[PDB]
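*Asks:* Dropping a structure here in structure tokens format, bear with me for questions.
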Amino acid sequence: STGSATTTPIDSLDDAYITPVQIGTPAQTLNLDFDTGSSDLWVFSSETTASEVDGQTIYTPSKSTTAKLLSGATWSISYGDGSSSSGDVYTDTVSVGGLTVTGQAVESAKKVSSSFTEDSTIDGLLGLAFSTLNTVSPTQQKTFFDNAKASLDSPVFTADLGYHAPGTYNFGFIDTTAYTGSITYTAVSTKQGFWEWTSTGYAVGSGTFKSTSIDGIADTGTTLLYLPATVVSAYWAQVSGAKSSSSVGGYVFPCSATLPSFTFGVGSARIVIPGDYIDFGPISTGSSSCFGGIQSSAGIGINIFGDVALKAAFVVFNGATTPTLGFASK
């Protein structure tokens, strides 16, 4: 089997991407944030505290003939941005782009934090990291990908995120029309439950490539590119007037700037992030200070190849017995 679903930016900054997902019988379609940095499929639901719902589409298990309470199971998750959610669990039929999993754990939110409430466009998350990170207790649950894997033509999914445009998540096949040149594969460590890999270096603009190992995670659920302070300083030093602002919470730059590109290494291959991808616009409405898309990972504890980086590539998440990550230009 295979699946193919279009993913769409939630706003003009590509802050996140939503992908329609069918849950239950008859289908209830919710728009979920596919997150390769976590491993819970959770949804706004008929159980979500009413004051914490503001425009989201909810899953109502009582209206699904295939929903079953997973008795005794609870979940609770906290994300890198400090947001959180928790609740109980149902199993139900879940389909993505024509690919169907029966008996998928659908984690029903009883509580969500303010950032979720405030984002009316995101009806929940669909985790695509390794199932060892799943938070369901006392019986840990598998991700949609893990459940689908044995049925897939090939044990892979791909992320093809657009810059200010829709893109695609495919399951079970590599679309050879969706990228240019060849795919370069690189080793993954699953020790922390992430798609964790080591970039071979970077360049700023037309500058020389610096060979240096940068361990980090491929995380579709993180907006920006978070790298070591040394790397980030070298980037922003090339933008007149750019500075790190503790009041704003990161690097800002004059909105009048033209940003240089940023290149990262994948083995001997190179992925170029155009300068425009690094512009996250005014810090506040009407400001002439703009927020940078490359930020320091210092104090996160991990480097994160988020959407800014991933959307510059066609990315293969290879879930074979020895997992790997592939990157191609597009």
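Chain A residue numbers are taken from Swiss-Prot; in order, the displayed residues are 90-419.
So this one's X-ray crystallography, 1.2 Å, going by the header.
Using N, Cα and C of the backbone, Cβ positions are placed for all residues, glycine too.
As annotated by Swiss-Prot, active site applies to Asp124, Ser288. Per Swiss-Prot, the feature disulfide bond maps to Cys344-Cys379. Here Swiss-Prot flags 106-417 as domain 'Peptidase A1'.
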*Asks:* Which of the three DSSP states, helix, strand or coil, fits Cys344 (disulfide bond)?
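*Replies:* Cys344 (disulfide bond) sits in coil per DSSP, no helix or strand.
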*Asks:* Report, in whole Å, the straight Cα-to-Cα distance of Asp124 (active site) from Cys379 (disulfide bond).
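*Replies:* Each residue's Cα considered, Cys379 (disulfide bond) and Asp124 (active site) end up 26 Å apart.
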*Asks:* Fewest neighbouring Cβ atoms within 10 Å: which of the disulfide-bonded residues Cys344, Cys379?
*Replies:* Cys344
*Asks:* Calculate the distance in Å between the alpha carbons (Cα) of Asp124 (active site) and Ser288 (active site), and round it to a whole number.
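*Replies:* With the alpha carbons as reference points, the distance is 20 Å.
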*Asks:* Cα distance, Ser288 (active site) to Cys344 (disulfide bond), nearest Å?
*Replies:* 30
*Asks:* Please state whether DSSP places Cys379 (disulfide bond) in a helix, a strand or coil.
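*Replies:* In the DSSP reduction, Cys379 (disulfide bond) maps to strand.
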*Asks:* For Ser288 (active site), what residues in its own chain, 6 or more apart in sequence, show a Cβ-Cβ distance under 8 Å?
*Replies:* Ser302, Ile303, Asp304, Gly305, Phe353, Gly354, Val355, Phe394
